[PDB]
Structure formats: structure tokens, C-alpha cells
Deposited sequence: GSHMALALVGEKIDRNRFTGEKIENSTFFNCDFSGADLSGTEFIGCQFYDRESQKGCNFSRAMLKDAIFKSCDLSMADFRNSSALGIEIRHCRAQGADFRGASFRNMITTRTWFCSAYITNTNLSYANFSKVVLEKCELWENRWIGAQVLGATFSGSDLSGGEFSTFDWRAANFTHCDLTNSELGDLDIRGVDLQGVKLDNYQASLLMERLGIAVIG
């Protein structure tokens, strides 16, 4: 407990309703958490997406300092303009989630998470933990991930030219179509399989 198996539908969430609480195995369909204070709040095994209406929940402008989502379905979630310093998103589905304007000032832990088609445009995520994610079709234009750990990632259908990746750890990942002739990889960590992969693209055989 003491907040297990809630089932909300279409509600506007009171600002202090969940602050610093732990919430488990609950469903929130089309709920409006905008401006909500979710500091130190922890959701575990919760569903925030309605496959019926195809609606996510609204978290825009929410206070999310030290919030934690663990094994949650955050598909289509709207995290725009939220304050998310130290947020943890672990083992979640976050397909189509929208992080534009969210601030992480950096500290953030988004790991083992499906970020396919998520929107990170202009976002600043420097020296953060962003490992073992799925990034297929994620929008990252103007973003910076500089210095972050992105290792273990899946990056097909992902535009490596669109954001700042200098100083990133990219090891043990599926790089997809990264061309070292047109991408600034100063300070980046790669492994030897990846180095060979990127050189093969130039027609070189590494032996």
C-alpha cells in the first residue's frame, strides 16, 4: 500500500494529491496531472495510456523533481515544460512521449525504456544516464545529450546529425546509419566492433 490498484479516468489531478507518495499497479486514463506537484512521487507498474482512445496523460508543467516511474506505460505522455531534475524513468514504455521544453537542470535517469517516436527536440540532457533505451524514430533536433551514457541503445531510424553527441558513451549499441564523415563524435566512446562497423561504411576492411 497504501495506494494500490487505483483506477482513475478523465480526472484533473489535484496538485498535492500524490506528492511524495508511492503508487502501485494503478491505471490513469486520460488524466490531467498538469501543474501537479509530483516531487519524490513514485509510480510502479502503472498504466498512463488508454489503447481505446489512444490518449496519454498530461504532465505538462508538473513538478517532477526526483519523481520515479518504474515499469510504467507512459505512451503518448505529455511531459512538456515540466521540471524534471533527477527524474527516473526505468523499464518503462514511453513511445511517443513528449519532453519538449522539460528541464532536467543536468540530472536524469531514463534507462531500459522504449523511447520510440518520443520527442526530445531542443532538450538539454548533458552528462545524464540514458542507457539501454530504444530510440527508433525519436526526434532529437537541436537537443544535446553531450557527455551522457547512451550505451546499450538501439538507434536505427535515428538521425545522428540532429543533436549534440560529443563526449557520449555509445558503446555496445546498435548505431544504425552513423556516418563518421558527417557527425561530430569528439570525445565519444565506441567499442572495437562499432569502430570496424563505421569504417566498413567507408569501404575499409578491418582485420
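*Quickly check which stretches of the deposited sequence aren't in the model, judged by C-alpha, and list them in order.*
According to the record, the gaps fall at 106 to 114, 217.
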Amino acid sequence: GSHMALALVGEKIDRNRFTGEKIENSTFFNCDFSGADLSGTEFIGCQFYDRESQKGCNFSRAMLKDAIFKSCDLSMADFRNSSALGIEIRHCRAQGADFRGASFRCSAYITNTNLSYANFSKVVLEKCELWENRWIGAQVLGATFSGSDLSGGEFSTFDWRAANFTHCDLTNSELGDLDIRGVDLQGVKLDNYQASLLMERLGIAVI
From here on, numbers count along this sequence of modelled residues.
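*Tell me which of 48 to 56 and 66 to 74 has the higher mean C-alpha B-factor in the deposited entry.*
Here the higher of the two C-alpha B-factor means belongs to 48 to 56.
*Averaging only over Cα atoms, indicate whether 33 to 41 or 166 to 174 has the higher B-factor in the PDB entry.*
Averaged over C-alpha atoms, the B-factors run higher in 33 to 41.
_Ranking every modelled residue in this chain by its Cα temperature factor as given in the entry, which third contains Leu141?_
Highest third.
_Third of chain Cα B-factors occupied by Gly101_ = Highest third.
*Chain third (lowest, middle, highest) by recorded CA B-factor, residue given as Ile204*: Within its chain, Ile204 is a lowest-third residue by C-alpha B-factor, going by the deposited values.
*Among the modelled residues of its chain, does the C-alpha B-factor of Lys127 lie in the lowest, middle or highest third?*
Middle third, going by the recorded CA B-factors of the chain.
*Thinking about Cα B factors across the chain, which third does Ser121 belong to?*
For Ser121, whose C-alpha B-factor we compare with every modelled residue in the chain, the answer is the highest third.
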